[PDB]
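**Student:** return atomic coordinates for the entry below.
(one chain, ligands or ions: 4)
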Amino acid sequence: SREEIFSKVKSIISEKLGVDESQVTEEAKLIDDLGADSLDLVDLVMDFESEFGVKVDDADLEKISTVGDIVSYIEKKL
Ligand SMILES: [Zn+2]
Ligand SMILES: [Zn+2]
Ligand SMILES: [Zn+2]
Ligand SMILES: [Zn+2]
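**Tutor:** Residues are numbered from 1 along each chain as shown. Ligands and ions are numbered 1, 2, ... in the order given. Below is the structure in question.
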């Protein structure tokens, strides 16, 4: 389930941020490592929301720092 979620999270991030999948690890920080900006994450989250059929709080968005954070947030909602 984590491996499923993480694989799909990684493809979406790679497709939309333009980075190579080899750079998308559990420990990668969206901004610092993968080159995103503070605007990119809300579109990513909505894409994850529609991908897995979950939704996230706007309050819980300020805590999301790494790829692993996204996966874990998704994994807990399902
Ligand atoms: Zn792949
Ligand atoms: Zn895709
Ligand atoms: Zn979107
Ligand atoms: Zn898909």
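
**Student:** ranges for the helices of the chain?
**Tutor:** For the chain, applying DSSP state H gives helices covering 2-17, 40-52, 67-77.

**Student:** packing partners for the first one?
**Tutor:** Secondary structure elements in contact with helix 2-17, counted by 3 or more Cβ pairs under 8 Å, 6 or more residues apart in numbering; DSSP states H and E, are helix 40-52, helix 67-77. Heads up, the C-betas are built off the backbone N, CA and C, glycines and all.

**Student:** so which of the ones you listed is nearest ligand 3?
**Tutor:** helix 40-52 (4.2 Å; Cβ to the ion).

**Student:** give me the buried positions along that closest one.
**Tutor:** The neighbour-count check on helix 40-52 (16 or more other Cβ atoms under 10 Å) flags 40-41, 44-45, 48, 52 as buried.

**Student:** of those, which is the nearest to residue 14?
**Tutor:** Nearest to residue 14, judged by Cβ to Cβ, of the buried residues of helix 40-52 is residue 44 at 11.3 Å.

**Student:** ok, that closest one touching residue 13?
**Tutor:** Yes: here residue 44 lies in contact with residue 13, judged by Cβ atoms under 8 Å, at a distance of 6.8 Å.

**Student:** excluding chain neighbours, what is closest to the spatially most central residue of the chain?
**Tutor:** Of all residues in the chain, the one closest to the mean position by Cα atoms, centre = their mean is residue 70, 4.3 Å from it. Residue nearest to residue 70 in three dimensions, not counting chain neighbours: residue 9, with 5.5 Å by Cβ to Cβ, 6 or more residues apart in numbering.

**Student:** got a list of what the one you found touches?
**Tutor:** Going by Cβ atoms under 8 Å, 6 or more residues apart in numbering, residue 9 touches 24, 48, 67, 70-71, 74.

**Student:** and for the residue nearest to residue 14 when sequence neighbours are not counted, the neighbour number?
**Tutor:** Closest residue in space to residue 14, ignoring its immediate chain neighbours: residue 21 at 4.7 Å, by Cβ to Cβ, 6+ apart. Residues near residue 21, counting by other Cβ atoms under 10 Å, number 12.
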